[PDB]
Structure formats: C-alpha cells, structure tokens
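The form deposited without adenosine -5'-thio-monophosphate (SRA) is given below as one chain in structure tokens.
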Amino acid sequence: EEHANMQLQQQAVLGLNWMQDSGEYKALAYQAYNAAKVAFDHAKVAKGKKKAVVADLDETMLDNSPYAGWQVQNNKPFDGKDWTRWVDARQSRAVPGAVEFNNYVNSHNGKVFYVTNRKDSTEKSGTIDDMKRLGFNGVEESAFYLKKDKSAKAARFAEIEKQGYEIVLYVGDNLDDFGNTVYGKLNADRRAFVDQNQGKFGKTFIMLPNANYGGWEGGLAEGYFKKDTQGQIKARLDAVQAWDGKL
C-alpha cells in the first residue's frame, strides 16, 4: 500500500532534518572525533603489535543522508537494490571530523581499517572512489573489510588482529560496530550491553549519532525486518512510551 509506505517514511522526517541541517549534529560528530583523537594518542599496544583503529563507514565516516531524503520523497522503505544504486551514484559525503581523524591516525603510527556492510562485490568501487574524492588517506583496497557473507563484524575484527594489529578503539553509529554480543538482539539486551560497558564510551568505543536507521530499528520488535510495512509502523508506534496526560 502506498499509504503505508508514506506513513513509514514520514516517521523519519524530523530526525532527518536534525541530521542534515542542525549544527547540533555537527557538534556531536566533532565531539566524537575529538574524543577519538585523545583515545588514539593515549593508546598503548602489546610489544610487537601495530596500532589499528576500526572504523565503521555508513553514518560514521560517510554521510548517506541524501539516500534517506530520496526515501522520504519517494515513499520508499529500505531496499538493498536501491542502496546499491545509491553507492554507485558516488554522491556520499563525509561525516564532520572523520577525514581529519582518519588521516591523523594514518600519519601517526596507526592504521584505520574500514569494517563496513557496504558490499564487497557490488559496492566497493563507489565506496573507494567517494572516499578518495572526500580526502581520506589510506584507502587502498586492503584497508577495507567490506561485507561478504556475514553482516556481523566480529570475524572481520579478528582478521585484522591476525594480521598483527591490536585494535585500540572502534568508531561506529551502531552497537554492532563494537562486536557481536547484541547482534540480532532486541533493544533491552542492547541497552544492557551499553550499561555493562558504560566507561568505554568516548574512550575505546566512539559513538556517532544516527536517528534514521540501525540495529536499534530491528531491535524494536521480534522479527521486525520480516514484518510488512503496516507491521513495522505498528512496531514503532507500540514502542512509544507516552505520558498519560495526568498528574
């Protein structure tokens, strides 16, 4: 139903305005990358290890907000086929502070590895071209761990460690960018993970804000991503905690 597609996508509008237009969003991005630099500079690794930083791409280093804008304007729920065309369009922007942090790490005895669920087979060329254009250093193909068979990222983190690196910090917009322990889990478990790691945030786990999509969306309800549009609308509305209007 067109009506349902419209309602689902309209629900993203205010958060999209915030991400695209606000100075507040920029300030949060700068806050994250300023904290990340401090953590990188303080980091020490085991003898014989090289220093690695793991960075997510989408909504962490790369800004894909125009794709979300297209979804709103065309009443289009997420579809991987549309996403692949967006990547191929080579119009990604950089998240504020990301390029500077990336290039600083790479020029100060570190290496940033991009662990991302952009697809290795169909989305790599656009990703690399955009990152070169946006000014990122160190975007040779071997710096990338794009998605092959698994969306969970822990195995790719382990690959990096096997190459003689110690990962000193992780940057992401999704808790699944920090490991697998709440991958595919609902939001109660995801909040619990955050509470159990409270002291790591802004130190070894660096967060960027993303009010538009993520593991928290699936986290709204069991089997969310398999529900139809009406089901996803209902899941969102049922998750709302509301004042009853009484004293």
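One rule holds for the numbers: they count along the sequence shown, beginning at 1.
Only in words, not in the display: the form deposited with adenosine -5'-thio-monophosphate (SRA) bound, which the text now covers.
- Remark: all three candidate residues (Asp56, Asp173 and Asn212) come within 4.5 Å of adenosine -5'-thio-monophosphate (SRA) in the deposited complex, counting heavy atoms only.
- Although the partner is absent here, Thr116 is a contact residue: one of its heavy atoms lies within 4.5 angstroms of adenosine -5'-thio-monophosphate (SRA) in the deposited complex.
- Within 4.5 Å of any heavy atom of adenosine -5'-thio-monophosphate (SRA) in the deposited complex lies no heavy atom of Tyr104.
- Stretch-level contact analysis of 117-125, 131-139, 96-104, 158-166 against adenosine -5'-thio-monophosphate (SRA) in the deposited complex, using heavy atoms and a 4.5 Å limit, identifies 117-125.
- Interface residues of 144-164, taken as those with a heavy atom within 4.5 Å of adenosine -5'-thio-monophosphate (SRA) in the deposited complex (partner not displayed), are limited to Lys153.
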